[PDB]
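Only one chain is given next, in structure tokens, and it is the form deposited in one PDB entry.
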């Protein structure tokens, strides 16, 4: 049951065609995370391939793949495999499910042991000069930047592995810093970014009541307010001030 066959089956989404895979793995002491079953250059797995081929948010090969991986006795769970090349380093199936805008797939991955804090940190995902795909590296931060409120709340609230609002990326950026980084003057985008920022804070009020999320400094010692100023994001800067003063006045 070779890699070519496997990648074909999972791309077409026909789980009946996985019959015999488990037995093959078990007879030959192989796992789906082995180099024989990944694309050499990137470490792309059959699970990543499956999530890349969602249709209406689903791929009926996903749960069977997870189940075969578990039954194969794999000590390095397929669900948490990450890309290995310089460009995609750290990208996981969970990241792809979020990129594909599939809450259903997110839930399936999370219920089956997906690590919600894996960092997509390769060059494609870094802050650099010009147009970036920087979203703060973290599944929560990705879901927030791509404006996926239902994914955000699920990541925060799920009983399996809740994502931490305090988690930071390779820059020391929280989701709040990531949002500042993608703020711009698109009136559409700006409103959505600000409402996401507020919704996260409201969630944090309940989920981590004693933590001042807006006081967390990144690797350059910048809070989201100071970052907004530095990056020239005037609208969110003003919003952050307005929040601070309205919050103090409400408490006073």
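Residues that one form lacks are left out of the comparison. Superpose the two forms; the largest set of C-alphas matching within 1.5 Å is the rigid core. Residue numbers count along the first chain shown, from 1.
- Two stretches are in play, 174-182 and 121-129, and the higher mean C-alpha B-factor belongs to 121-129.
- Higher mean CA temperature factor, per the PDB entry, when comparing 23-31 with 214-222: 23-31.
- Per the deposited record, the Cα B-factor of residue 47 falls in the middle third when ranked against the other modelled residues of its chain.
- Ranked within its chain, residue 146 lands in the lowest third, by CA B factor from the PDB record.
- In the PDB entry, residue 136 places in the lowest third of its chain by CA B-factor.
- Ranked by Cα temperature factor within the chain, residue 71 sits in the highest third according to the deposited record.
- The entry lists a Cα temperature factor for residue 193 that places it in the middle third of the chain's modelled residues.
There is also a form deposited in another entry; it is not shown, and the following applies to it.
- Of the candidates 118, 121, 163, 105, the Cα that moves 2 angstroms or more after core superposition between this form and the one not shown belongs to 121 alone.
- Residue displacement note: residue 89 has its CA displaced by at least 2 Å between this form and the one not shown (rigid core superposed).
- Wider separation of the C-alpha atoms of residue 131 and residue 194, by 3 angstroms or more, is seen in that other deposited form than in the present form.
- In that other deposited form, the CA atoms of residue 229 and residue 128 sit farther apart than in the displayed form, by at least 3 angstroms.
- Comparing the conformations between this form and the one not shown, with the rigid core held fixed, yields the displaced runs 84-89, 121-132, each spanning 3+ consecutive residues whose C-alpha shift is 2 Å or more.
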